[PDB]
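Undergrad: First the structure, then my questions, so here it is.
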Ligand code: HEM
Ligand SMILES: [K+]
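Residue numbers (the entry's author numbering): 1 to 250.
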């Protein structure tokens, strides 16, 4: 694992458990799981291992980081969460947004991603430009997830299945529509649809398509399309790692 999780107080631990339950009801009612998942992923995916900059350290709430074009629309997510966060002043924003990401997966029917508290809020956003480009292919994915974040090729494929919930918006990225027929249900449908090719009303980004043609990504796509249990396992492993980049000695 390579992780040493810090100690937090009993009151901090109580606030986590209470916030997890409040976040479930809220995120379920507001129907905003995919947006919250996108928020935690964009917050965490700025980590660069060589410099140990970026990562899930609460800087995504900064107007400066929200302005990054890859984060178009995430100011909505931040705004939605601010009243709830105010009820848990003991929690770092880093912990709160990561926990909201975990919850987003859980309440849509997804795996139970393990959560460890202790992220401290960092003073300055990372540089813009570290997040992936939907028009690019497999070398780019490996640059971003592997060379920067330090994730594996398996992680890239499983985390891409994050697209099993939610949708693109032509006013945000310019892409438009859901990847799946059930955008509020977390399951292995992203991989099913990607394999079955194009279907009316359904989205596939070039970055999604790049997974089909890579000798390593493709068998993972196939495995996940065949076995949702194996997708859920690899997904929970990868999300945990992502949510913990630069935190607790990795
Ligand atoms: C593999 C590289 C990736 C690229 C190029 C990419 C790109 C995109 C784009 C362009 C959108 C639509 C933005 C919009 O117009 O609203 C989107 C949405 C989304 N992404 Fe990704 N993404 C990637 C990976 C991931 C990962 C790793 C996760 C989390 C595990 C994730 C979770 C989501 C979710 C849940 C949505 C829907 C947001 C909503 O419904 O509002 N994506 N992604
Ligand atoms: K789905």
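Just so it is clear, CB atoms sit at the ideal spot from N, CA and C, and this is done for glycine as well.
Given a cut-off of 8 angstroms on the beta-carbon distance, is the pair residue 151 and residue 210 in contact?
TA: No, they are not a contact pair.
Undergrad: One question on the structure: do residue 35 and residue 166 come within less than 8 angstroms of each other, judged by their Cβ atoms?
TA: Yes, the pair counts as a contact, with Cβ atoms nearer than the cut-off.
Undergrad: By DSSP's criteria, residue 48 is part of a beta bridge. Which residues make up the other side?
TA: For residue 48, which the question treats as bridged, DSSP gives the partners 53.
Undergrad: Specify, as a first and last residue, the run of the alpha helix (DSSP H) that residue 27 falls within.
TA: Residue 27 -> alpha helix (DSSP H) spans 10-30.
Undergrad: With a Cβ-Cβ cutoff of 8 angstroms, do residue 33 and residue 102 count as a contact?
TA: Against a cut-off of 8 angstroms, the Cβ pair of residue 102 and residue 33 comes out as no contact.
Undergrad: So does residue 165 have its beta carbon nearer than 7 angstroms to some heavy atom of ligand 1?
TA: Yes, the beta carbon of residue 165 sits closer than 7 angstroms to at least one heavy atom of ligand 1.
Undergrad: Can you look up residue 114 in the DSSP assignment and give me helix, strand or coil?
TA: Three-state result, residue 114: coil.
Undergrad: I'd like to know whether the C-beta atoms of residue 234 and residue 158 end up nearer to each other than 8 angstroms.
TA: Yes; because the gap between Cβ atoms is below 8 angstroms, this pair is in contact.
Undergrad: Output the distance between the C-alpha atoms of residue 203 and residue 180, rounded to the nearest integer angstrom.
TA: Cα to Cα, the separation comes out at about 8 angstroms.
Undergrad: How is residue 178 classed by DSSP in three states: helix, strand or coil?
TA: Three-state result, residue 178: strand.
Undergrad: In three-state terms, what does DSSP make of residue 210?
TA: Of the three classes helix, strand and coil, the one that applies to residue 210 here is coil, per DSSP.
Undergrad: Can you give me the Cβ contacts of residue 163 inside the same chain, cut-off strictly under 7 angstroms, excluding the 5 residues immediately before and after it?
TA: If we look at residue 163 and ignore the five residues flanking it on each side, its Cβ neighbours are 179, 190, 208.
Undergrad: If residue 100 and residue 23 are in contact, beta carbons under 8 angstroms, what's the gap, nearest whole angstrom?
TA: Indeed, because the Cβ distance is near 5 angstroms, the residues count as touching under 8 angstroms.
Undergrad: So does residue 191 have its beta carbon nearer than 7 angstroms to some heavy atom of ligand 1?
TA: Answer for residue 191: no, Cβ out of range of ligand 1.
Undergrad: Starting from residue 64, follow its DSSP beta bridges and name the residues at the other end.
TA: None; residue 64 has no bridge partner.
Undergrad: Near residue 133, what residues of its chain come up, given a Cβ to Cβ distance below 7 angstroms and the 5 sequence neighbours on each side ignored?
TA: Here the set comprises 140.
Undergrad: How would you label residue 42, buried or exposed, when you count the other beta carbons within 10 angstroms and need 16 or more for buried?
TA: Buried, by the Cβ-count rule.
Undergrad: Taking a contact to mean a Cβ-Cβ separation below 8 angstroms, would you say residue 125 touches residue 64 in this structure?
TA: Yes. Within cutoff.
Undergrad: Which residue from 61, 62, 45 puts its Cα closest to that of residue 55?
TA: Per the Cα distances, 45.
Undergrad: According to the Cβ coordinates, are residue 95 and residue 117 closer than 8 angstroms?
TA: Against a cut-off of 8 angstroms, the Cβ pair of residue 117 and residue 95 comes out as a contact.
Undergrad: Does the beta carbon of residue 182 fall short of 7 angstroms from some heavy atom of ligand 2?
TA: True, at least one ligand heavy atom lies under 7 angstroms from that Cβ.
Undergrad: Throw me the rounded Cβ distance for the residue 2 and residue 250 pair, which I believe falls under 8 angstroms.
TA: With a Cβ gap of about 5 angstroms, residue 2 and residue 250 count as contacting.
Undergrad: Given 7 angstroms as the limit, tell me if residue 9 has its C-beta closer than that to any heavy atom belonging to ligand 1.
TA: Every heavy atom of ligand 1 is 7 angstroms or more from the Cβ of residue 9, so no.
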